[PDB]
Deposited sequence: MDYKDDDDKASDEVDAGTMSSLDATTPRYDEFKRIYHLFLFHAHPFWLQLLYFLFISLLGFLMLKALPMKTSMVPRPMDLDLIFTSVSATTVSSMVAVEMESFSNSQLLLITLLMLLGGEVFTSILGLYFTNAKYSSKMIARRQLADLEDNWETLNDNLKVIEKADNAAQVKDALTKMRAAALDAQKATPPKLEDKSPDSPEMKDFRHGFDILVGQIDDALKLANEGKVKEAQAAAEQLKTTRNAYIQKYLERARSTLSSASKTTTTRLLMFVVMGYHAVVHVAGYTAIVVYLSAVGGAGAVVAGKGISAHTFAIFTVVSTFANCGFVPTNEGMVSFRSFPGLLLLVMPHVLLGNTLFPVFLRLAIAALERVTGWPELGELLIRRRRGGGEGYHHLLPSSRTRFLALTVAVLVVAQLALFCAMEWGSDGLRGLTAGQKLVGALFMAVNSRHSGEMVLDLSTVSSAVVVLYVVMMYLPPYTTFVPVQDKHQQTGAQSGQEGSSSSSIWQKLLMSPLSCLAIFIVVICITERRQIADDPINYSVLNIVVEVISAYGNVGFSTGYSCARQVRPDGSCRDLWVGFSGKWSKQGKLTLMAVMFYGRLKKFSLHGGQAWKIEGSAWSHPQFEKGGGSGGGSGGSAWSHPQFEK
């Protein structure tokens, strides 16, 4: 069995199960009609293929569907699908990877809740939202760590903006579950060595696709900081006296800047909104957000097309069939925003510029803009194509090749 097919079926079945059990469960309170089936399946797909693509307000979700999405996105986190693959490849490192999965989860949702309760601060916010502190902590942890980014509140982290606690206490899980997974894996195996030599020193790699040679661990930790600090520097050199950053203090704004820079890689947790930000920053986000997480700067089948060519074709489709809204509301439906959304689907971040109705070239009729955050392109065909891009991007490691026959000079 080709692991591509196996994981495709895994994700498809888990998404279907999540969608069904999300449809069944009660909705928060009773005054919100259940969203159309497409929105629900979109939320299930986003949760499974750890990303975000909110597409449905998170304050319109019960405390039961919150746990459902918790266990729908955990089953779909990178480390888990890695453990589930090791199990089949084992029929001993699986034990340690699962142990650290559990350890980091426990630390996360036993520290976030402690911060929430002990020091009130931004504790009344979640209480007003109707989300329990325990459920909020669980959802955030199983999201952020799985590098999903789904936040319990409609605001996202902008509600927790102006409070650095849940930003520096959450991001470490972004840096502990998706990109710097091998680095901390090796670093903790170094401590475990007190008691497992064959896993450390160079060899066959134990057939573990998420383990790298020691050289590449340190060299991938370099690419990260150099990209994280690059995004942080650009965002602090462009959007520092911006309109969406005025009421924050210097430290309480740099916290959000670092959160955005770190999460932009493959987590997708937003504290700002990607509409009042210069296009030279969202372009850098797109560029640093298309890159696969184990992409390293090492200074030391023919019918398939390259991932960038596939993204080009998908953007071509999104623009080809969602006309009459690009030509009607160009500011909101700018090809920059379309590209950002498509490459968020592909990169499994879930960055979204939203659909602030104030940006319409001309306000027509009743525009009671929802707080979904750019629920795709508000067309069924576009939502389906975006979900296809999402599924193609989750299993990107099995198609990253491409090209070949497209032979350049």
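Visitor: Could you list the ranges of the deposited sequence that have no C-alpha atoms in the model?
Guide: Unmodelled stretches, in sequence order: 1 to 42, 134 to 268, 373 to 380, 486 to 507, 617 to 647.
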